[PDB]
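Shown below, as structure tokens, is a lone chain in the form solved without the ligand; questions about how it binds or moves come after it.
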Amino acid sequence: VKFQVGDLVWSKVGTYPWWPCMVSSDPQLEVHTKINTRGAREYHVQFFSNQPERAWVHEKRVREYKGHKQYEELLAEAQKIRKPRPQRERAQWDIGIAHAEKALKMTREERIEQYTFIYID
């Protein structure tokens, strides 16, 4: 178990770019990590965004968030070929990064307090 609740991570989910997140406990399972139905480890994360979302993410698609400038190192893992950055998505990503940069300056307990989502049935 590489990550704990409140840890800042980048997550690569679906068609979206590497995205700033916080590890958190699933509101129903009450765990932040599990072994999936294919036998692989996953972590439960919250995406920093103006549109809050959560997901279970394979451990290979989760990375410690050390700072926003790490994005270039993540793009490297994959003439130089670069994907363009769609305007609306870029704007949402910049918002998420601003929150993650603020969270980086907080303690783990402060981050848990400030950002853990409230889930309503």
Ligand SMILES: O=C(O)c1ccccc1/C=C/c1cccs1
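Whichever C-alpha set is largest while still superposing within 1.5 Å between the two forms counts as the rigid core. For every residue, the number given is its place in the sequence shown, counted from 1.
Stretch 34 to 42 is the one, of 59 to 67 and 34 to 42, whose CA positions lie farther from the shown form in 9 other deposited structures of this protein once all structures are superposed by the rigid core. Coordinates for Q79 are absent from at least a third of the other compared entries of this protein that model residues on both sides of it. Deposited sequence between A78 and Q79: 10 or more residues lack coordinates. Averaged over Cα atoms, the B-factor as recorded in the entry is higher for 83 to 91 than for the other of 83 to 91 and 40 to 48. Once the C-alpha B-factors are averaged per stretch, 55 to 63 and 69 to 77 rank with 69 to 77 first.
Annotation for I120: C-alpha temperature factor in the highest third relative to the rest of the modelled chain, per the entry.
Sort the modelled residues of the chain by CA B factor and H99 lands in the lowest third. When the CA B factors of the chain's modelled residues are split into thirds, the value for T107 lands in the highest one.
Keep in mind the form deposited with the ligand bound is missing from the figure; the text below concerns it.
With the site C-alphas superposed, the ligand from its pose in the entry with it bound puts 3 or more atoms within 2.4 Å of the backbone and C-beta atoms of the shown form; the site is blocked.
Interface membership of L74, defined by any non-hydrogen atom within 4.5 Å of the ligand in the entry with it bound, is ruled out. In the entry with it bound, at least one heavy atom of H99 sits within 4.5 Å of the ligand. Contact check for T33: every heavy atom lies farther than 4.5 Å from the ligand in the entry with it bound.
In the entry with it bound, the ligand lies farther than 4.5 Å from every heavy atom of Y43. In the entry with it bound, the residues of 84 to 98 lying within 4.5 Å of the ligand by at least one heavy atom are, in order, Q92, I95, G96.
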